[PDB]
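Presented below is the structure to which this report refers.
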Amino acid sequence: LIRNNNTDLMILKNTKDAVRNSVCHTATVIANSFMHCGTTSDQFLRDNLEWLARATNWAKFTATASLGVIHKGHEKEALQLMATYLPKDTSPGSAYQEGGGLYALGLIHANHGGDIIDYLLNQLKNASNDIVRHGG
Amino acid sequence: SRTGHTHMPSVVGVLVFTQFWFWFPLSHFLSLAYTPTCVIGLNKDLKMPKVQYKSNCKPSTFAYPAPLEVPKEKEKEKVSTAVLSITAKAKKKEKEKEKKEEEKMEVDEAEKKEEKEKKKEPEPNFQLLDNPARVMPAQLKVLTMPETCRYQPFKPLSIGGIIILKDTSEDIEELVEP
Amino acid sequence: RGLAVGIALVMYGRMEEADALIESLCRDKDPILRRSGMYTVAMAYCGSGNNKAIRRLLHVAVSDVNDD
Amino acid sequence: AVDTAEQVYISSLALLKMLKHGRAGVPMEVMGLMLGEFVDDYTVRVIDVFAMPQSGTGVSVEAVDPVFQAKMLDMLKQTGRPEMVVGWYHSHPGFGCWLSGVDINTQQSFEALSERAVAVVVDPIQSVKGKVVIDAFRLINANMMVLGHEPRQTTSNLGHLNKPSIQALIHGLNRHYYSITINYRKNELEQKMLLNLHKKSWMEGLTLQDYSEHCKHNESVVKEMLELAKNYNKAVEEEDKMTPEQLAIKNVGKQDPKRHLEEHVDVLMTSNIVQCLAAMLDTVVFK
Amino acid sequence: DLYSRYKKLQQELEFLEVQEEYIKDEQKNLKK
Ligand SMILES: [Zn+2]
């Protein structure tokens with residue numbers, strides 16, 4: 001999946017320009033995660049962020065979920081990837097990062113029994129209420 | 001799936017994906033139903049040997065261009081002058097003026113045909129492919145085994161996934177591990 | 001609605017053993033739970049051309065009143 | 001924490017108190033209170049409706065009587081059920097539904113008191129045939145005034161229940177409040193006892209309307225059906241190749257070919273069968 | 001060969017009885 005990376009960037013840009021002020025931002029960050037699924041290629045989370053920081057209150061839950069979709073099947077490196085974008089070190093005030101972060105670990109390591117079951121077990125012991133126990 | 005059975009992730013992944021009315025972030029679950037369209041020629045436990053095998057397509061070639069990213073640069077540039085009048089015989093006698101000026105002083109320009117038609121017909125449908133080779137699932141039956149190489153397959157190869165090659169007689173080679 | 005898909009997904013391809021549960025969920029007057037039985041009869045009968053399924057599923061496809 | 005696509009539950013008695021109090025004072029914009037319960041974040045339900053006495057000011061905050069407020073609540077605590085008020089309503093007869101000038105002033109008092117306090121506007125005189133013109137609305141703030149109001153999110157049940165109508169969006173929609181979704185809490189132990197008890201007649205099914213009114217009807221219909229058969233003969237014996245699908249469209253008359261046909265014959269069939277089956281069963285049963 | 005043809009004719013016969021039953025309901029429904 002990494003040695004056959006012919007995706008197209010300009011189609012995603014020729015749909016980017018027609019994005020008006022609707023809630024299509026979630027519809028675009030689910031679109032790129034589909035056509036970069038398992039690719040482990042982060043360029044939209046690199047080349048622009050101010051358009052990504054426009055939508056809120058569930059799109060942050062969707063965007064950090066889409067980070068796990070691009071890294072599907074990423075066994076050891078996905079742990080240290082979100083041991084960089086931790087549930088408590090990005091920002092302690094936003095529960096949508098730590099909610100969709102734990103949801104992203106489940107998206108990566110589906111059908112893989114290991115410590116990540118126990119790692120998510122211990123963080124459902126100590127968690128907040130609403131949009132932490134969802135993605136957990 | 002491959003052998004007549006059905007996948008448990010591809011069913012569960014698509015049915016919760018039907019529930020995108022009531023919750024948009026359930027749409028991440030469709031990534032479970034993404035199964036590869038590739039074959040894998042792993043012969044030993046570690047070696048994937050670099051093998052060459054070919055196609056049997058009926059006339060033609062296909063398969064994964066995605067090329068077109070032009071903005072269609074267009075020009076209005078003109079409106080055709082449609083004055084149909086004494087103009088018609090006036091341009092005709094002007095073309096008579098060129099039959100004294102062109103063909104009597106210097107015009108010897110020429111061009112050649114059928115160079116661009118020549119490269120099309122001897123084409124492949126014998127495309128060679130290394131170990132993790134993609135193939136459209138419609139062409140799991142019109143592929144061709146690598147009989148022209150030394151290293152020829154052993155498992156019945158008719159559907160995509162993973163196989164063993166029979167790495168044949170001695171001097172085993174051709175590692176790739178990126 | 002979370003338990004709607006959940007009790008549909010606890011059984012998978014039993015192909016005869018869900019029939020008491022299939023009859024129980026659809027006879028109830030809860031519209032979500034009737035909808036939940038329709039996902040349950042889908043997942044218990046995956047890929048099989050069951051005549052009893054295609055009769056019963058099309059029957060409630062005609063006569064039922066809730067759109068969902 | 002901000003709004004989503006909500007849902008409004010109304011009880012069966014609540015809608016009946018709306019249309020009855022609206023039909024009572026049909027000219028003069030009746031007013032009342034709405035009593036329910038806040039079950040979660042973003043679904044509201046209502047169980048009860050009681051009205052207000054008529055004020056000379058009109059539909060405003062001055063029409064709210066606080067001594068009629070608390071003493072009516074004093075009685076409903078000890079009898080039935082005590083619960084919190086969740087909103088209010090009025091009736092706007094001259095149009096369908098939109099919050100007017102003095103509508104929106106008393107809304108600001110209620111959302112300062114309650115969390116949401118959803119308004120309800122009902123035209124009583126427009127609802128005639130089989131449908132009701134009811135809709136519930138809810139005011140927005142000024143903090144997102146250069147931003148997109150109604151901050152709605154991951155759902156797909158927003159495009160239904162109404163598109164914004166042009167007689168309603170010419171006023172404060174959509175940059176002043178938002179529209180909300182309303183379905184009905186349809187229940188059993190009420191539905192069948194309203195159905196079977198409102199439309200019912202026991203001995204009517206085997207009456208006779210007997211024969212002197214009925215043989216005259218069988219006398220009449222056959223006579224023009226004879227001429228209808230003569231007109232049916234005329235098109236059949238015509239049968240010309242004048243491009244007969246174009247010959248039929250230039251001979252449209254709201255008439256014979258099959259429409260003015262057996263439709264009468266079906267009525268002649270059903271009338272005599274129900275007449276004769278009732279006649280034969282009554283000879284059987286009685287002695 | 002022949003046993004598979006006999007099973008498929010059993011299946012297809014019981015199939016289009018069900019789709020016959022659907023059109024019986026809809027034509028009854030569109031009258032109302
Ligand atoms: Zn009003």
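Ordering of the structure tokens sets the chain letters (A, B, ...), residue numbers begin anew at 1 in every chain, and ligands are numbered from 1 in the order given.
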
Contacts to ligand 1 at 9 Å cut-off (only C-alpha atoms and all ligand atoms) as a list in words: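 After applying the 9 Å limit, what remains is residues 29, 59, 60, 89, 90, 91, 92, 97, 98, 99, 100, 101, 102, 103, 104, 120, 121 and 122 of chain D.
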
Who sits within 12 Å of residue 14 in chain C, only C-alpha atoms, same chain under 2 positions skipped, as number ranges by chain: C: 8-12, 16-19, 21-22, 40-46, 48

Take the residues from that selection and write them out as a PDB file, in the first residue's frame, keeping C-alpha atoms.
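Contents of part13.pdb, freshly written:
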ATOM      1  CA  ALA C   8     -28.754  -7.608  15.043  1.00  0.00           C
ATOM      2  CA  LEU C   9     -25.004  -8.175  15.183  1.00  0.00           C
ATOM      3  CA  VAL C  10     -24.884 -10.571  18.150  1.00  0.00           C
ATOM      4  CA  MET C  11     -26.314 -13.239  15.813  1.00  0.00           C
ATOM      5  CA  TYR C  12     -24.668 -13.849  12.448  1.00  0.00           C
ATOM      6  CA  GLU C  16     -32.564 -21.073  11.730  1.00  0.00           C
ATOM      7  CA  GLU C  17     -31.852 -20.276  15.387  1.00  0.00           C
ATOM      8  CA  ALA C  18     -32.896 -16.611  15.358  1.00  0.00           C
ATOM      9  CA  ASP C  19     -36.480 -17.273  14.246  1.00  0.00           C
ATOM     10  CA  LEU C  21     -36.147 -13.665  18.125  1.00  0.00           C
ATOM     11  CA  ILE C  22     -37.136 -12.522  14.614  1.00  0.00           C
ATOM     12  CA  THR C  40     -31.369  -9.030  12.535  1.00  0.00           C
ATOM     13  CA  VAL C  41     -33.063 -11.063   9.798  1.00  0.00           C
ATOM     14  CA  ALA C  42     -30.513  -9.577   7.381  1.00  0.00           C
ATOM     15  CA  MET C  43     -27.451 -10.659   9.347  1.00  0.00           C
ATOM     16  CA  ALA C  44     -28.775 -14.096  10.279  1.00  0.00           C
ATOM     17  CA  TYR C  45     -29.493 -14.926   6.605  1.00  0.00           C
ATOM     18  CA  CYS C  46     -26.378 -13.643   4.834  1.00  0.00           C
ATOM     19  CA  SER C  48     -28.630 -17.407   1.264  1.00  0.00           C
TER      20      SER C  48
END

Within 8 Å of range 61-72 of chain D using only C-alpha atoms, minus same-chain residues under 6 positions, as a PyMOL selection string: chain D and resi 31+52+54-55+105-106

Distance criterion (only C-alpha atoms): nearest to residue 55 in chain A out of D:7, D:147, D:84, D:20: D:147

Proximal residues of chain C relative to chain D (only C-alpha atoms; 12 Å) as a PyMOL selection string: chain C and resi 28-31+66+68

Distance filter 10 Å, only C-alpha atoms, chain B against chain C, as number ranges by chain: B: 5-6, 8, 11-12, 15-16, 19, 22

Distance-based interface of chain A with chain B, 7 Å, counting only C-alpha atoms, as number ranges by chain: A: 10, 37, 62

Written selection (C-alpha atoms) as a PDB file, in the first residue's frame:
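Final file, out-v4.pdb:
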ATOM      1  CA  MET A  10      -5.614  17.743  -7.756  1.00  0.00           C
ATOM      2  CA  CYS A  37      -6.882   4.484   3.356  1.00  0.00           C
ATOM      3  CA  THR A  62     -14.045  13.372  12.649  1.00  0.00           C
TER       4      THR A  62
END

Between CA of residue 54 in chain A and CA of residue 152 in chain D - distance in Å to one decimal: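 We find that CA of residue 152 in chain D and CA of residue 54 in chain A lie 14.8 Å from each other.
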
Could you pull out the helix (DSSP H, G or I) residues of range 101-154 of chain D, going by DSSP on the backbone, and write them as a CSV table (one decimal) with N, CA and C atoms, in the first residue's frame?
chain,number,residue,atom,x,y,z
D,101,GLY,N,-43.5,41.0,15.6
D,101,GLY,CA,-42.8,41.9,16.4
D,101,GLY,C,-43.0,41.7,17.9
D,102,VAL,N,-44.3,41.6,18.3
D,102,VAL,CA,-44.5,41.4,19.8
D,102,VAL,C,-44.4,40.0,20.2
D,103,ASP,N,-44.4,39.1,19.2
D,103,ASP,CA,-44.0,37.7,19.4
D,103,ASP,C,-42.6,37.6,20.0
D,104,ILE,N,-41.6,38.2,19.3
D,104,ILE,CA,-40.2,37.9,19.6
D,104,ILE,C,-39.8,38.6,20.9
D,105,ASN,N,-40.5,39.6,21.4
D,105,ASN,CA,-40.1,40.3,22.6
D,105,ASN,C,-40.4,39.4,23.8
D,106,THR,N,-41.5,38.7,23.9
D,106,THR,CA,-41.8,37.9,25.0
D,106,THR,C,-41.0,36.6,25.0
D,107,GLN,N,-40.4,36.2,23.8
D,107,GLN,CA,-39.6,35.1,23.7
D,107,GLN,C,-38.3,35.2,24.5
D,108,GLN,N,-37.7,36.4,24.4
D,108,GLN,CA,-36.5,36.7,25.1
D,108,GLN,C,-36.6,36.6,26.6
D,109,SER,N,-37.8,36.9,27.1
D,109,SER,CA,-38.0,36.7,28.6
D,109,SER,C,-38.0,35.2,28.9
D,110,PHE,N,-38.5,34.4,28.1
D,110,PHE,CA,-38.7,33.0,28.4
D,110,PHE,C,-37.4,32.2,28.3
D,111,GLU,N,-36.6,32.5,27.2
D,111,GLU,CA,-35.3,31.9,27.1
D,111,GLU,C,-34.3,32.5,28.1
D,112,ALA,N,-34.6,33.6,28.8
D,112,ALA,CA,-33.8,34.0,29.9
D,112,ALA,C,-34.2,33.2,31.1
D,113,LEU,N,-35.4,32.8,31.2
D,113,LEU,CA,-35.8,32.0,32.4
D,113,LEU,C,-35.5,30.5,32.2

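Remark: for chain B, the closest of the candidate residues D:158, D:51, D:119, D:146 is D:158 (distances computed over only C-alpha atoms).
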
Contact residues around residue 1 in chain A with only C-alpha atoms at 9 Å, ignoring same-chain residues under 6 positions, as a tab-separated table (two decimals) with C-alpha atoms, in the first residue's frame:
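Result written to selection-v1.tsv:
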chain	number	residue	atom	x	y	z
A	37	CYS	CA	-6.88	4.48	3.36
A	38	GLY	CA	-3.91	2.41	4.48
A	39	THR	CA	-1.62	4.71	2.47
A	40	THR	CA	-0.09	6.40	5.57

Separation of CA of residue 66 in chain A from CA of residue 32 in chain A, in Å and rounded to one decimal: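 The value is 8.4 Å.
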
Chain C contacts to chain E at 8 Å (only C-alpha atoms) as a list in words: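 Taking only C-alpha atoms into account, residues 51, 54, 55, 58, 59 and 62 of chain C sit within 8 Å of chain E.
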
Residue hits in chain A, query chain D, radius 9 Å, only C-alpha atoms, as a PyMOL selection string: chain A and resi 21-23+26+57-59

Residues from last step as file, C-alpha atoms, as a PDB file, in the first residue's frame:
ATOM      1  CA  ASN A  21     -19.416  27.454   4.228  1.00  0.00           C
ATOM      2  CA  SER A  22     -21.541  24.327   4.775  1.00  0.00           C
ATOM      3  CA  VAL A  23     -20.696  21.274   6.898  1.00  0.00           C
ATOM      4  CA  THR A  26     -16.579  16.556   7.448  1.00  0.00           C
ATOM      5  CA  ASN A  57     -17.572  20.608  17.710  1.00  0.00           C
ATOM      6  CA  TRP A  58     -17.745  17.337  15.770  1.00  0.00           C
ATOM      7  CA  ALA A  59     -15.346  17.838  12.848  1.00  0.00           C
TER       8      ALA A  59
END

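Pairwise distance (CA of residue 129 in chain D, CA of residue 21 in chain D) equals 18.4 Å.
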
Please, which residues of chain D lie no more than 8 Å from chain B when the count uses only C-alpha atoms, and can they be set out as a PDB file with C-alpha atoms, in the first residue's frame?
ATOM      1  CA  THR D 154     -23.944  14.742  12.220  1.00  0.00           C
ATOM      2  CA  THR D 155     -27.505  13.732  11.327  1.00  0.00           C
ATOM      3  CA  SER D 156     -29.680  13.418   8.256  1.00  0.00           C
ATOM      4  CA  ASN D 157     -33.218  14.062   9.616  1.00  0.00           C
TER       5      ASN D 157
END

Filtered DSSP result for chain B, state strand (DSSP E or B), as an NGL selection string: :B and (38 or 55 or 134 or 143 or 152-153 or 165-166)
